[PDB]
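Trainee: Generate coordinates for the sequence data below:
(chains A, B, C and D, ligands or ions: 2)
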Amino acid sequence: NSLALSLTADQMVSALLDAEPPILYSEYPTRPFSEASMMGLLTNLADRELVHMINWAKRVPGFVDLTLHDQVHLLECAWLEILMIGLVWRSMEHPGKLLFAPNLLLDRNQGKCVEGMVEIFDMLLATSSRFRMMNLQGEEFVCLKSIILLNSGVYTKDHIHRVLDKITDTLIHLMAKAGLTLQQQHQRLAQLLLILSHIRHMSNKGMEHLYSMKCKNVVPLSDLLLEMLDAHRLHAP
Amino acid sequence: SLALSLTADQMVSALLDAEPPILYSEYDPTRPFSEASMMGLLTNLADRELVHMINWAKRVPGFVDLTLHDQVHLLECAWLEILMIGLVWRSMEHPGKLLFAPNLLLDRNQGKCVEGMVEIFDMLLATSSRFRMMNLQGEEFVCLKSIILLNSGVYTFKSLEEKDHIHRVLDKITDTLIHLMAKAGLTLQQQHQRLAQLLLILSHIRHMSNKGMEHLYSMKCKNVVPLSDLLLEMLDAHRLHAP
Amino acid sequence: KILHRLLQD
Amino acid sequence: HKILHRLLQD
Ligand SMILES: COc1ccccc1OS(=O)(=O)[C@@H]1C[C@@H]2O[C@H]1C(c1ccc(O)cc1)=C2c1ccc(O)cc1
Ligand SMILES: COc1ccccc1OS(=O)(=O)[C@@H]1C[C@@H]2O[C@H]1C(c1ccc(O)cc1)=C2c1ccc(O)cc1
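Mentor: Numbering: from 1, shown residues only, chains lettered A, B, ... in the order given. Ligands and ions are numbered 1, 2, ... in the order given. See below for the structure:
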């Protein structure tokens, strides 16, 4: 039996808020306006965030109950989705900008510095705007991020699905606590979960660029980042 | 305005009535498979299905309220997801198999006839098995397929008014799913859990479409067999953004 | 576009 | 093997 299923709704929320990684800073010639400087800052940042993400995942209730192999698979599948939802979340209060770090706020004009990137920047901005207009709460955000981790590679069993149901229970618990009627609760649950399809889409589309040879060649990538990319390229044509 | 005034039952009846037919492939069990022949069968099938899909989309409540430009965009975005959800639906009661057509029933070993396809076939089989375990109902299926059509391209489009309308229609479809579950005797906790389970499957259908599309618009997959103009244009809507 | 045309019909 | 394998352990 997994401890996770025995947690109460409030306990699940507290566990997830406690597990939150910190918001990292970029390196401090700032304002990147070249393919190289942009890739340099973003890959450096992503690499550091990955270490925090791995340690965060271990603290997501139920993740620890998976085999090491299963844990590797979920993280390989979800890592870019998880970076992306984080980015969209912390960009909420900065309409029209993406807050990559407190000291790295980019607009779409900088998205053009790397070929293929501006389309994704635009999707991320749209997603941040959608979160802002839904008034997404931190409690809901951490539930969604945990659902991404558990859901994005589950289709290779019962355990992950029982945990996912518990997170669902936890989201509704949050909405009912916020005073939403039953109709509003199910409408909001659906609204949030449909955004996850968009986050998957953005990851698939960004990943396809990131594991291309051109994108791999811009700057030397860390061994860890290359391994996380290769996990997806494995299946590419 | 029609979409917003429909009751749940009227939404369901509208969606069921609008369902496309199940088409046949040109499969000949006396013409053993081959990368070429498999690709030919699937492309020919998909191509004919697209025509019915276009006419189905016109009957999805709220869809014709959109500008022509926006209708094109939604269909360009969602077409493979829509073909795929149809496939996994008709494949439910065929464990271990994909029912591409009543005369074309394939398993994973035949997915190996085309490089890169077996991985996608395994995902489709898993999704079908998921729908089977959940005992997905036809009424639920048509709701999910309409959600894919309205949702998949909504963030990649006055122009804001179109998004808002789409959001309201999506909310009505949610209302409709919940109504069906309540009608089926599910407890409220069961309703929300099942609603969530179905919507999470949409993320997987998105994933499958993106991974499949990436192979389909590769120069290799486009020169296995002559492709129809309509498919070429649907594929190109996605290739345009690829590296 | 053919899709554009078929939708317009 | 994979770095991720190592990082997931301790
Ligand atoms: C330079 O990246 C791209 C160039 C062209 C197309 C897609 C690209 O990637 S992308 O999906 O926009 C991606 C989304 C955003 O920008 C990229 C990126 C990133 C991530 C990893 C990497 O090794 C290279 C780039 C991001 C990112 C970084 C840190 C975060 O905490 C959150 C997001
Ligand atoms: C031959 O297709 C592929 C080869 C290699 C990798 C992915 C491929 O595509 S795929 O996602 O499996 C795709 C899923 C499944 O098989 C392929 C296919 C298809 C679709 C369009 C096309 O022009 C070529 C192939 C399918 C399909 C066809 C009709 C349906 O009603 C439903 C699904």
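
Trainee: make it CA atoms for all contacts and neighbour counts henceforth
Mentor: OK.

Trainee: Okay, strands next: where are they in the chain?
Mentor: If you meant another chain, say so; for now it's chain A. Ranges of strands within chain A are A:98-101, A:104-106, based on DSSP state E.

Trainee: List the buried residues of stretch A:13-26.
Mentor: A:13, A:15-17, A:19-21, A:26 (16 or more other CA atoms under 10 Å in any protein chain shown).

Trainee: Just name the most buried of the strands of chain A.
Mentor: strand A:98-101 (a mean of 22; mean count of other CA atoms under 10 Å in any protein chain shown).

Trainee: Can you name the residues in contact with it?
Mentor: A:23-26, A:87-88, A:90-91, A:105-107, A:121, A:124-125 (CA atoms under 8 Å, 6 or more residues apart in numbering or on different chains).

Trainee: Next, check those against the helices and list the overlap.
Mentor: The members of these that map onto helices under DSSP state H are A:87-88, A:90, A:121, A:124-125.

Trainee: Quick check, central residue of chain A?
Mentor: The centre of chain A sits closest to residue A:82, judged by CA atoms, centre = their mean, with a distance of 1.7 Å.

Trainee: mind checking how far it is from residue A:194?
Mentor: Between residue A:82 and residue A:194 the computed distance is 16 Å (CA to CA, to the nearest Å).

Trainee: between the contacts of strand A:98-101, which is nearest chain D?
Mentor: Proximity of the contacts of strand A:98-101 to chain D (CA to the nearest CA) peaks at residue A:24, which lies at 19.3 Å.

Trainee: Let me see the contact set for the closest one.
Mentor: A:45, A:49, A:101-102.

Trainee: next one: residue A:75
Mentor: A:54, A:149.

Trainee: let's see it at 10 Å
Mentor: The contact partners of residue A:75, taken as CA atoms under 10 Å, 6 or more residues apart in numbering or on different chains, are A:50, A:53-54, A:57, A:81-82, A:148-150, A:152-153, A:228, D:4.

Trainee: How about residue A:163?
Mentor: A:2, A:4-5, A:61-63, A:146-147, A:150, A:169.

Trainee: Among those residues, which ones are in helices?
Mentor: Using DSSP H, these in helices are A:4-5, A:146-147, A:150, A:169.

Trainee: contacts with ligand 1 among those residues, please.
Mentor: Contacts with ligand 1 are made by none of the ones in helices among the contacts of residue A:163, judged by CA under 6 Å from any ligand atom.

Trainee: follow-up on the earlier one: wait, which of the contacts of strand A:98-101 is closest to residue A:38?
Mentor: For the contacts of strand A:98-101, the residue nearest residue A:38 by CA to CA is residue A:106; the value is 10.1 Å.

Trainee: Can you give me the distance of that closest one to residue A:226?
Mentor: The value you get for residue A:106 to residue A:226, if CA to CA is used, is 24 Å.

Trainee: what's the answer for residue A:66, then?
Mentor: For residue A:66, the distance to residue A:226 - CA to CA - is 24 Å.

Trainee: Narrow the contacts of residue A:163 to just the buried residues.
Mentor: Buried, going by 16+ other CA under 10 Å: A:4-5, A:61-63, A:146-147, A:150, A:169, out of the contacts of residue A:163.

Trainee: Please point out which parts of stretch A:68-78 sit buried.
Mentor: Within stretch A:68-78, the residues scored as buried using 16+ other CA under 10 Å are A:70-78.

Trainee: and that stretch, anywhere near ligand 1?
Mentor: No: using CA under 6 Å from any ligand atom, we find that stretch A:68-78 stays clear of ligand 1, coming within 12.3 Å at best.

Trainee: Just the C-alphas of that stretch, formatted as PDB.
Mentor: The C-alpha coordinates for stretch A:68-78 follow below in PDB (Å, rounded to 0.1, in the frame of the first residue of the first chain):
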ATOM      1  CA  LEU A  68      13.300   3.300 -10.400                       C
ATOM      2  CA  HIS A  69      12.700   2.400 -14.000                       C
ATOM      3  CA  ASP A  70       9.200   3.800 -13.900                       C
ATOM      4  CA  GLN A  71      10.400   6.900 -12.200                       C
ATOM      5  CA  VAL A  72      13.000   7.400 -14.900                       C
ATOM      6  CA  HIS A  73      10.300   7.000 -17.600                       C
ATOM      7  CA  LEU A  74       7.900   9.600 -16.200                       C
ATOM      8  CA  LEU A  75      10.700  12.200 -15.700                       C
ATOM      9  CA  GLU A  76      12.000  11.600 -19.200                       C
ATOM     10  CA  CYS A  77       8.500  12.000 -20.600                       C
ATOM     11  CA  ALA A  78       7.400  15.000 -18.600                       C
END
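
Trainee: ok, back up a step: with distance to residue A:177 added, can I get the contacts of strand A:98-101 in CSV?
Mentor: Shown next, in CSV, are the contacts of strand A:98-101 (distance: CA to CA, whole Å):
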residue, distance to residue A:177
A:23, 28
A:24, 31
A:25, 34
A:26, 37
A:87, 27
A:88, 25
A:90, 24
A:91, 26
A:105, 34
A:106, 35
A:107, 36
A:121, 34
A:124, 29
A:125, 29
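
Trainee: how about CSV for these, with distance to ligand 2 added?
Mentor: Output for the contacts of strand A:98-101, formatted as CSV (distance: CA to the nearest ligand atom, whole Å):
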residue, distance to ligand 2
A:23, 37
A:24, 38
A:25, 39
A:26, 38
A:87, 30
A:88, 29
A:90, 34
A:91, 34
A:105, 37
A:106, 35
A:107, 34
A:121, 26
A:124, 25
A:125, 28
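
Trainee: right, and out of these, which lies closest to ligand 1?
Mentor: Nearest to ligand 1 out of those is residue A:87 (CA to the nearest ligand atom; 5.0 Å).

Trainee: I'd like the strands of chain A laid out as a markdown table, including distance to residue A:207.
Mentor: Formatted as a markdown table, the strands of chain A follow (distance: least, CA to CA, whole Å):
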| stretch | distance to residue A:207 |
| --- | --- |
| strand A:98-101 | 17 |
| strand A:104-106 | 20 |
